[PDB]
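Chemist: The following block contains the structure, expressed as structure tokens.
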Amino acid sequence: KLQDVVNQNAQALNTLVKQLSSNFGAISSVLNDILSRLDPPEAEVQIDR
Amino acid sequence: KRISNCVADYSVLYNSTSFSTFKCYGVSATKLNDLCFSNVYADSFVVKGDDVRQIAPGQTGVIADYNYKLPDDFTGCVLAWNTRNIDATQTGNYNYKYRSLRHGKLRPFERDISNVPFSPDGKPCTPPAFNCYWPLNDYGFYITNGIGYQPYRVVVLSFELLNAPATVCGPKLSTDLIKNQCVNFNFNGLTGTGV
Ligand SMILES: *[C@@H]1O[C@H](CO)[C@@H](O[C@@H]2O[C@H](CO)[C@@H](O)[C@H](O)[C@H]2NC(C)=O)[C@H](O)[C@H]1NC(C)=O
């Protein structure tokens, strides 16, 4: 019973972190990359997503 | 044309000429100097001024339908300038031709060369019958032509961004390496902050 709460906590945190590296419709999944490749007027379009 | 292992400066090409149609879709035109792209491709052709707009992702037109379909995910710039003075002539320039019709649509970034009369049926046609019509057609190019009918020369630069280590890097100055300090870094386009 003690191990299961730890496992669910760890799985929640790991899923949270894994969700970071994922395009949500954006051209890229790294904020740095989108800024480098796009001017702010069309950068905000991806950053909002 | 594949372009590799060379320092590429956007500024010289931008100061060189006021291009008729200059737009970068997946890239910022100004930020080209900062970033590195691997294996840039250059595609060259000549189309009438009306055709220039058709060169775009997710856009349909006779040239797009049969001649040049850009990828919808295409990342790079398109540069186009007027070329009436050197190409067009009074008698008529018919060297530059286009595939008016074709049995199907070409895939993105593909070249079609077949020179056989087209059939709307798609089955073989005899040239005398109305089924056969020549796909390969040319615009009558004249000096007196309107700017839309006047020839335009278009070069499309496609950059493969971050696929692999980038052989093509813009002109920037490397600096000395600093350790144990939380600093900015740009390793061949890998911009970031850290120690
Ligand atoms: C052909 O290449 C040359 C060199 O890049 C371009 O000529 C330059 O044009 C600018 C402005 O028109 C001048 O300031 C430079 O001095 C020129 N370079 C020279 C004389 O060496 C020319 O624009 C290019 N032709 C094109 C792009 O059609």
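Here, each number is a calculation from the coordinates, and none is a lab measurement. Every residue, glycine among them, receives a Cβ derived from its backbone with ideal geometry; neighbour counts consider all protein chains shown.
Chemist: In region B:17-118, which helices (runs of 4 or more DSSP H) lie fully inside it and hold 2 or more residues that are away from chain A (no Cβ under 14 Å) and hydrophobic (A, V, I, L, M, F, W, C)?
Modeler: Correct list: B:62-66.
Chemist: For residues that are in a helix (DSSP H, G or I), of a type in the set (D, E, K, R) and surrounded by 10 or more Cβ atoms within 10 Å (Cβ to Cβ), scanning just chain A, find the one that is nearest to the other protein chains (Cβ to nearest Cβ).
Modeler: By that ranking, first place goes to A:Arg37.
Chemist: What's the number of the condition B:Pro57 fails, among (1) away from the ligand (no atom under 16 Å from the Cβ); (2) touching a residue at least 40 places away in the same chain (Cβ under 8 Å)?
Modeler: Among (1) away from the ligand (no atom under 16 Å from the Cβ); (2) touching a residue at least 40 places away in the same chain (Cβ under 8 Å), B:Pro57 violates only (2).
Chemist: Answer yes if at least one residue in region B:29-50 is without any contact (Cβ under 8 Å) to a residue 40 or more places away in the chain, of a type outside the set (A, V, I, L, M), surrounded by 14 or more Cβ atoms within 10 Å (Cβ to Cβ) and under 25 Å from B:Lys69 (Cα atoms), and no otherwise.
Modeler: Within region B:29-50, none of the residues are without any contact (Cβ under 8 Å) to a residue 40 or more places away in the chain, of a type outside the set (A, V, I, L, M), surrounded by 14 or more Cβ atoms within 10 Å (Cβ to Cβ) and under 25 Å from B:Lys69 (Cα atoms).
Chemist: Which one of these is crowded, with 16+ Cβ neighbours inside 10 Å and either more than 14 Å from chain A (Cβ to nearest Cβ) or closer than 30 Å to B:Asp34 by Cβ (or both): B:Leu173, B:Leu157?
Modeler: Going through B:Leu173, B:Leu157 in turn, the sole match is B:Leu157.
Chemist: Find the residue count for region B:4-28, including only residues that are within 16 Å of the ligand (Cβ to nearest atom), out of contact with any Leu (no Cβ under 7 Å at 6 or more places or on another chain) and closer than 16 Å to B:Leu161 by Cβ.
Modeler: Of the residues in that region, 1 qualify.
Chemist: Starting from region B:180-195, keep only residues that are more than 11 Å from chain A (Cβ to nearest Cβ), then list their pairs with residues that are part of a strand (DSSP E or B) and of a type in the set (A, V, I, L, M) whose Cβ atoms are within a distance under 9 Å, requiring at least 6 positions of separation or different chains.
Modeler: Cβ pairs passing all conditions: B:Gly194/B:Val183; B:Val195/B:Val183.
Chemist: Go through (1) surrounded by 20 or more Cβ atoms within 10 Å (Cβ to Cβ); (2) within 30 Å of A:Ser28 (Cα to Cα) for B:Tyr66 and report which single condition fails.
Modeler: (2)
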